[PDB]
Enquirer: 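Quick one: structure below, then a few questions.
Values below: all heavy atoms of this structure, side chains included; hydrogens, waters and symmetry mates excluded. Just so it is clear: chains get the letters A, B, ... in the order the sequence lines come, proteins before strands, and each one is counted from 1. We count ligands from 1, going down the list as the structure has it; atoms in each ligand are counted the same way.
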2 protein chains.
Amino acid sequence: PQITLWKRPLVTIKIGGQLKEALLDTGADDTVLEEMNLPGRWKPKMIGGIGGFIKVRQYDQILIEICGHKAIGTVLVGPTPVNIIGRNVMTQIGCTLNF
Amino acid sequence: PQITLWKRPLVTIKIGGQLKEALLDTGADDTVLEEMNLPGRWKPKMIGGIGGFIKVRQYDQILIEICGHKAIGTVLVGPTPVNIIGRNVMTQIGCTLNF
Ligand SMILES: CC(C)CN(C[C@@H](O)[C@H](Cc1ccccc1)NC(=O)O[C@H]1CO[C@H]2OCC[C@H]21)S(=O)(=O)c1ccc(N)cc1
């Protein structure tokens with residue numbers, strides 16, 4: 001779909017059999033989700049924002065479904081205030097910016 | 001133009017007579033710029049993100065020029081690691097997400 005930006009660009013994702021709302025974030029390099037129940041192994045990692053860093057668990061090769069599209073890639077799980085879909089996923093569903 | 005997301009959606013902006021590189025950030029409600037010399041009055045404000053919060057100076061009715069397109073609105077200045085063009089400006093230049 002085409003999405004204007006007068007509101008936050010929220011989309012419904014399905015990941016690990018769970019339904020969540022996440023922000024389409026062109027300013028995010030990778031995908032970060034609030035604390036969630038994901039299966040498998042993971043390697044620690046820290047990511048920085050506008051206020052500093054957070055420590056997260058990096059899961060590899062995780063299936064995400066967004067508004068009918070499917071993507072596999074790295075998902076970071078940690079104390080983010082909001083679920084964010086980063087560029088690593090949006091490239092796989094063909095998301096573009098247009099002005 | 002149309003912008004894929006395989007790399008950071010960086011653009012060049014003209015503000016306060018200065019040229020700067022900024023990241024088009026659909027995940028940012030407000031525009032936040034690194035420390036820079038801006039004229040006018042302002043009000044203190046704090047904004048939050050990944051890792052915590054930061055103190056910024058809130059400038060209102062500030063002119064921004066991106067790819068010729070002109071916008072006017074609130075510009076926050078403070079210790080952000082990256083210049084961010086938020087939804088408050090992208091809406092004025094007709095920016096949309098498309099997938
Ligand atoms: C977390 C969002 C709800 C809000 N953020 C916008 C977001 O795009 C930031 C904007 C951003 C971009 C670069 C550096 C700091 C902040 N990017 C970010 O945190 O991404 C991190 C996760 O993947 C990595 O990608 C880059 C940093 C990592 S934010 O920077 O904190 C922000 C919050 C409020 C306003 N008014 C303006 C900006």
Enquirer: Just to confirm my output: which protein heavy-atom neighbour is closest to atom 20 (O) of ligand 1, and how far is it?
Expert: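 Of every protein heavy atom, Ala28(A) CA, 3.8 Å lies nearest to atom 20 (O) of ligand 1.
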
Enquirer: What do you reckon, does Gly86(B) put a non-hydrogen atom under 4.0 Å from ligand 1?
Expert: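 Judged by the 4.0 Å heavy-atom criterion, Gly86(B) does not count as contacting ligand 1.
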
Enquirer: Suppose we screen for salt bridge (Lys or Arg N to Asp or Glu O under 4.0 Å). Which residues come up paired with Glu35(A), at least two apart in sequence or across chains?
Expert: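 With neighbours one apart ignored, the set is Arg57(A).
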
Enquirer: At what distance is the nearest protein heavy atom to atom 25 (O) of ligand 1, and which residue and atom is it?
Expert: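 Ranked first by proximity to atom 25 (O) of ligand 1 is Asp29(A) N, 2.7 Å.
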
Enquirer: Members other than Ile72(A) in its cluster, when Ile, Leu, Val, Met, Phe, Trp, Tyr link by side-chain heavy atoms under 4.5 Å?
Expert: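 Its cluster mates, by chain and number, are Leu63(A).
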
Enquirer: Select one of side chain, backbone, both or neither to describe which atoms of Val32(B) lie under 4.0 Å from any atom of ligand 1, heavy atoms only.
Expert: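 The side chain, only.
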
Enquirer: Have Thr31(A) and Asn88(A) got a donor and an acceptor in their side chains that come within less than 3.5 Å?
Expert: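 Yes, because at least one side-chain N or O of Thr31(A) sits under 3.5 Å from a partner of the opposite role on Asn88(A).
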
Enquirer: Any atom of ligand 1 sitting under 4.0 Å from a heavy atom of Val82(A)?
Expert: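 No heavy atom of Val82(A) comes that close to ligand 1.
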
Enquirer: Considering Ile47(A), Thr74(B), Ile50(A), which one's heavy-atom position lies nearest to atom 29 (S) of ligand 1?
Expert: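 The residue whose heavy atom sits nearest atom 29 (S) of ligand 1 is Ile50(A).
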
Enquirer: Tell me, which protein residue and heavy-atom name are nearest atom 36 (N) of ligand 1, and how many Å apart are they?
Expert: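 Of every protein heavy atom, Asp30(B) OD2, 2.8 Å lies nearest to atom 36 (N) of ligand 1.
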
Enquirer: Any idea which of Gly27(B), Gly49(B), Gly52(A) brings a heavy atom closest to atom 4 (C) of ligand 1?
Expert: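 Heavy atom nearest to atom 4 (C) of ligand 1 belongs to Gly27(B).
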
Enquirer: How far apart are the C-alpha atoms of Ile85(B) and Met90(B), what are their side-chain angles, what is the distance that settles it, and do they pass the side chain to side chain contact (heavy atoms under 4.5 Å, CB included) test?
Expert: CA-CA 7 Å; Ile85(B) 307 300; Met90(B) 280 189 279; 4.2 Å; yes

Enquirer: Which of the numbered atoms in ligand 1 are below 4.0 angstrom from a heavy atom of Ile84(B)?
Expert: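 With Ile84(B) as reference, the close atoms of ligand 1 come out as 10 (C), 11 (C), 30 (O).
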
Enquirer: So if I apply the side chain to side chain contact (heavy atoms under 4.5 Å, CB included) rule between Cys95(B) and each of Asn98(A), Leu97(A), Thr26(A), which one comes out positive?
Expert: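 Result: among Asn98(A), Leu97(A), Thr26(A), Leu97(A) is the only option passing the side chain to side chain contact (heavy atoms under 4.5 Å, CB included) with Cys95(B).
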
Enquirer: Count the heavy atoms belonging to other residues, nucleotides or ligands that lie under 6.0 Å from NZ of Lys20(A), then report whether that count exceeds 12.
Expert: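 Above 12, so yes.
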
Enquirer: Closer than 4.0 Å to some heavy atom of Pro81(B) - which atoms of ligand 1 meet that?
Expert: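 Atoms satisfying the 4.0 Å criterion: 14 (C), 15 (C).
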
Enquirer: Look at the aromatic rings of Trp42(B) and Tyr59(B) and report parallel, tilted or perpendicular, splitting at 30° and 60°.
Expert: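 Tilted, since the angle between the ring planes falls between 30° and 60°.
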
Enquirer: I'd like to know if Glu65(A) and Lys70(A) make a salt bridge, using a cut-off of under 4.0 Å between side-chain N and carboxylate O.
Expert: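 No salt bridge links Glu65(A) with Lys70(A).
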
Enquirer: Which of the numbered atoms in ligand 1 are under 4.0 angstrom from any heavy atom belonging to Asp25(A)?
Expert: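 Going through ligand 1 atom by atom, the ones under 4.0 Å from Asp25(A) are 6 (C), 7 (C), 8 (O).
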
Enquirer: Would you check whether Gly48(B) reaches within less than 4.0 Å of ligand 1, judged by its heavy atoms?
Expert: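 Yes, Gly48(B) has a heavy atom closer than 4.0 Å to ligand 1.
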
